[PDB]
Amino acid sequence: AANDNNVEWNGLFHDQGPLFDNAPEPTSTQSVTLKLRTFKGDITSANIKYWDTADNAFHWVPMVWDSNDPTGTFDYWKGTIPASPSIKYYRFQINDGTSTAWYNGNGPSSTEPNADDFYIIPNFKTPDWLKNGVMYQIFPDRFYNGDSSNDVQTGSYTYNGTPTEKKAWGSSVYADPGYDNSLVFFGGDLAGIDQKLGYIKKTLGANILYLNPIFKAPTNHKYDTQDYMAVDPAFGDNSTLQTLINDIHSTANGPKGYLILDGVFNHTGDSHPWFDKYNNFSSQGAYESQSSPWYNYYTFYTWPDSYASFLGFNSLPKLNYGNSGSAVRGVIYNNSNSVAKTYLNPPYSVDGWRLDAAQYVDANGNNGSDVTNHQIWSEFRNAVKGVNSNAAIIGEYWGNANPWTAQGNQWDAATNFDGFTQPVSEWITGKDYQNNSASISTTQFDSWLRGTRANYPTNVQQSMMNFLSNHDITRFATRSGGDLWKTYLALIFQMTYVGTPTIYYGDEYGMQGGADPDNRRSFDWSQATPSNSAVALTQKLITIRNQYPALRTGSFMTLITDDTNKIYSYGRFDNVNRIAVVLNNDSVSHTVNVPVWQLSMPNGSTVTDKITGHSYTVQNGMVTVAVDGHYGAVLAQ
Ligand SMILES: [Ca+2]
Ligand SMILES: [Ca+2]
Ligand SMILES: [Ca+2]
């Protein structure tokens with residue numbers, strides 16, 4: 001490159017990884033020094049343009065040449081944005097004579113962008129253990145029955161006139177005539193999870209557990225809460241939970257662990273004493289009397305049968321959060337004995353909350369996604385972080401969760417349906433996560449990913465819950481038509497991408513399953529061993545991710561987007577390691593010349609494909625590797 005009235009896009013690069021940003025999570029007194037990469041001697045000037053919310057105006061910071069990379073192929077220009085408490089957004093203007101290019105979260109542009117700027121949010125911190133960990137999601141009733149004495153038997157009890165039904169382990173989840181799918185039980189419990197911690201923390205290596213609802217509720221999913229302060233008897237009691245927590249936190253049975261609980265705060269079940277639709281308590285619930293001490297906890301259109309609920313389901317009456325200081329806000333998060341604080345404080349000390357139907361939380365029966373909803377989550381953050389600054393807050397949202405993350409006053413992250421689950425599904429299986437036809441090419445996949453990462457601040461990106469499947473969508477293995485190799489590819493991408501790899505129990509071995517309730521099948525422990533290739537690969541991948549910080553908090557750079565051979569390659573790198581991931585989404589093998597020079601891997605240096613164990617030497621800035629169809633290589637050094 002040279003000063004030739006042309007900015008070479010291929011040489012440009014910036015993101016908030018270690019090599020380019022010295023303060024990704026700054027306080028009000030820390031300045032932010034940024035570095036922009038370009039080909040050596042390619043430009044004449046560069047400037048940082050940032051919007052400051054402190055004065056609603058743009059500010060200009062001229063950059064200066066700082067250094068060359070070790071290979072002498074690139075230049076690094078630098079500029080610093082001043083320290084202050086205000087949120088700021090930035091982009092770069094890059095000039096080479098008569099040629100100008102712009103660059104921000106969305107990459108290079110010939111024209112100045114108006115969106116996708118990088119974020120600077122002073123004092124906003126997400127838990128580092130979340131950024132660096134691997135999560136395992138468990139639907140309690142279907143993981144493992146560690147205590148048969150608490151099992152719900154067929155006819156054990158009835159709910160809304162329907163008796164419960166117990167299924168043999170491994171059998172179908174669909175309820176038989178006279179029963180209901182939501183009242184089917186296999187016997188999975190907390191004691192079971194506790195007894196299988198070795199599998200989770202050692203066999204696989206995951207250090208974060210996320211559990212679907214565990215509090216008293218009549219259903220098998222338990223999103224229809226009856227008592228937030230008590231573990232459902234079928235899963236055990238509060239002492240069992242305490243024991244499980246201690247074993248998860250223990251460092252004697254593997255890596256230190258973390259527990260995230262499912263917080264269902266938008267609504268309660270219709271059998272909760274505050275509501276008590278079936279009069280299961282001597283006290284008078286809102287449904288029973290307009291004089292009930294909890295009457296105002298809900299919103300009635302026509303008392304008592306017409307009330308606000310979750311998506312119109314009468315079994316899930318919606319909680320009225322009222323205004324700040326309300327009793328409802330108190331019992332959910334403000335009070336020391338609230339649901340949120342009780343479990344975050346001793347003797348439980350859980351590590352986080354996954355916020356169910358978070359977008360809907362509101363006052364007066366309103367639909368959320370409004371000022372009040374955001375005000376509530378802001379108060380929620382203060383409540384939670386006040387008890388434990390390292391307690392995670394992950395909200396459920398299926399689209400762009402920027403509204404609950406980008407201001408650094410609400411959630412730490414969200415369920416990444418839009419930025420991970422969906423694109424991965426359509427690229428690899430050609431189906432959306434609902435198993436309907438929807439396919440995208442490699443170039444489209446790469447673009448989709450970049451755009452969704454750009455929706456979030458960097459620390460949020462690194463903290464996103466990235467799962468292949470979950471309890472509300474079809475199983476990845478079903479969308480893939482049972483092709484195990486498609487799972488291999490998905491796992492490799494998942495374990496090397498930006499955000500918390502989250503394994504939906506069973507996905508690690510290829511468990512299949514259609515739409516709810518079929519996506520909640522019981523776990524087969526004979527398939528949960530290294531003898532299953534997917535399980536063996538999962539363990540290997542987790543070990544690989546835990547070995548390289550670059551995979552968890554390093555930069556991300558696209559290297560290859562080949563729609564002809566269906567090859568996708570990207571690099572993850574920081575001050576120490578440089579890793580080039582090469583994925584083959586085709587049905588046949590392909591030998592790929594990987595442009596590792598882009599990650600500054602020196603000629604003559606060596607890389608090891610952590611997937612196969614084979615070693616290679618960097619020659620002429622390239623690394624040639626053969627990759628099987630629906631498989632990948634992780635070239636690290
Ligand atoms: Ca040039
Ligand atoms: Ca049991
Ligand atoms: Ca009653």
Side-chain angles (χ1 to χ4, degrees), residues 70-71 73 134 203-205 424 427-428 442 445-446 483-498 501 508-510 529-552 554-562 564-637:
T71 72
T73 296
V134 170
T203 302
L204 295 185
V424 171
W427 182 55
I428 305 181
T442 298
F445 179 55
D446 174 72
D483 182 358
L484 296 176
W485 290 72
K486 283 184 174 62
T487 282
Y488 300 161
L489 179 60
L491 287 167
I492 298 176
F493 175 72
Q494 186 184 214
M495 294 297 158
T496 58
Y497 193 54
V498 176
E508 71 269 35
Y509 71 65
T529 79
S531 292
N532 177 292
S533 294
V535 176
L537 180 62
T538 297
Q539 174 189 299
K540 187 185 300 178
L541 289 172
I542 291 173
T543 292
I544 292 169
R545 194 182 178 84
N546 281 148
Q547 164 170 39
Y548 305 101
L551 293 173
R552 295 114 57 178
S555 289
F556 179 101
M557 180 196 292
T558 298
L559 295 174
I560 300 178
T561 53
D562 181 353
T564 295
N565 303 300
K566 303 187 178 179
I567 300 298
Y568 185 36
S569 179
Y570 51 88
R572 301 309 310 288
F573 58 110
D574 58 23
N575 290 160
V576 187
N577 303 97
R578 287 159 295 286
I579 306 171
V581 180
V582 187
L583 309 181
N584 184 348
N585 191 212
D586 199 356
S587 58
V588 301
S589 173
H590 284 123
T591 298
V592 186
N593 294 314
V594 188
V596 295
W597 59 269
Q598 278 280 186
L599 306 183
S600 291
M601 285 198 207
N603 277 164
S605 68
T606 59
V607 298
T608 299
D609 177 355
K610 308 298 296 177
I611 300 301
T612 62
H614 294 147
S615 183
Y616 302 92
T617 299
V618 177
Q619 306 185 301
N620 303 305
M622 316 296 288
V623 171
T624 302
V625 59
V627 185
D628 284 312
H630 290 129
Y631 213 58
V634 178
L635 308 167
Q637 63 167 33

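Below, each value reflects all heavy atoms present in this structure, side chains not excepted, and no hydrogens, waters or symmetry copies. Along the sequence shown, residues are numbered consecutively beginning with 1.
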Just how far is it from atom CZ of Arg578 to atom CE of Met557, taken to the nearest 0.5 Å? 12.0 Å

Counting only pairs under 3.5 Å, give me each side-chain donor-acceptor contact of residues 613-620, with atom names and distances, residues two or more places apart or in other chains.
from	atom 1	to	atom 2	distance (Å)
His614	ND1	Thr612	OG1	3.4
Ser615	OG	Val607	O	3.3

Verdict with supporting geometry, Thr496 and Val634, side chain to side chain contact (heavy atoms under 4.5 Å, CB included): CA-CA 8 Å; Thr496 58; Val634 178; 4.2 Å; yes

Sole residue of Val134, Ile542, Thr543 in side-chain contact (heavy atoms from CB on, under 4.5 Å) with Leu204: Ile542

With rounding to the nearest 0.5 angstrom, report the CZ to CZ distance, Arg572 to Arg552. 10.5 Å

Spacing of OG1 belonging to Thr487 relative to CD belonging to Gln494, to within rounding of 0.5 Å: 10.0 Å

Using side-chain heavy atoms (C-beta onward) and a distance below 4.5 Å, is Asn577 in contact with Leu551? no

Can you see whether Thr561 engages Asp446 through a side-chain donor-acceptor pair at a distance of less than 3.5 angstrom? no

Looking only at heavy atoms, the pair that brings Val424 and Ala490 closest together is CG1-CB, 4.5 Å

Taking all non-hydrogen atoms of both residues into account, name the closest pair between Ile611 and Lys540 and its distance. O-NZ, 2.9 Å

Within the structure provided, determine whether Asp586 and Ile567 are in side-chain contact (heavy-atom separation under 4.5 Å). no

Least distance between heavy atoms, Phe573 atom then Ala550 atom: CA-CB, 3.8 Å

Could you pull out all residues at least two apart from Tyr509 that satisfy ring-ring contact (aromatic ring centres under 6.0 Å, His included)? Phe523

Yes or no on side chain to side chain contact (heavy atoms under 4.5 Å, CB included) for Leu541 and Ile492, after CA distance, side-chain angles and deciding distance? CA-CA 7 Å; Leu541 289 172; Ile492 298 176; 4.1 Å; yes

Heavy-atom pair with the smallest gap, counting every atom of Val627 and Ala633: CG2-CB, 4.3 Å

If I take atom OG1 from residue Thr442 and atom CG from residue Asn584, how far apart are they, to the nearest 0.5 angstrom? 9.0 Å

Using side-chain hydrogen bond (donor to acceptor under 3.5 Å, both in side chains) as the criterion, list what pairs up with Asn532, not counting sequence neighbours. none

Do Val582 and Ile560 have side chains that approach each other closer than 4.5 Å (heavy atoms only, starting at C-beta)? no

Is there a side-chain contact between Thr591 and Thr624 in this structure, where contact means two heavy atoms from C-beta onward sitting under 4.5 Å apart? yes

Sub-4.5 Å side-chain heavy-atom contact between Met622 and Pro595: yes

Under the side chain to side chain contact (heavy atoms under 4.5 Å, CB included) rule, what do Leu583 and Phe445 come out as? Steps first, then yes or no, please. CA-CA 12 Å; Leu583 309 181; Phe445 179 55; 5.6 Å; no

Here the pair of heavy atoms bringing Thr564 nearest to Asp562 is N-OD1, 2.8 Å

Does anything in residues 625-637 form a side chain to side chain donor-acceptor pair (under 3.5 Å)? List the pairs, not counting sequence neighbours. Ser605-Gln637

Counterpart residues, ring-ring contact (aromatic ring centres under 6.0 Å, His included), relative to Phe556 (two or more places apart): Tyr497, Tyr570

When every non-hydrogen atom of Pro530 is compared with those of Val535, the smallest separation belongs to N-CG1, 4.2 Å

For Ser589, which residues count as a side-chain hydrogen bond (donor to acceptor under 3.5 Å, both in side chains) partner, sequence neighbours excluded? none

Measure the shortest side-chain to side-chain distance between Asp574 and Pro549 over non-hydrogen atoms and say whether it is less than 4.5 angstrom. yes

Take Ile544 and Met495 through the test side chain to side chain contact (heavy atoms under 4.5 Å, CB included) and record every step on the way to the result. CA-CA 8 Å; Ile544 292 169; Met495 294 297 158; over 6 Å; no

Which distance, rounded to the nearest 0.5 Å, do you find between the NZ of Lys610 and the CD1 of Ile579? 9.5 Å

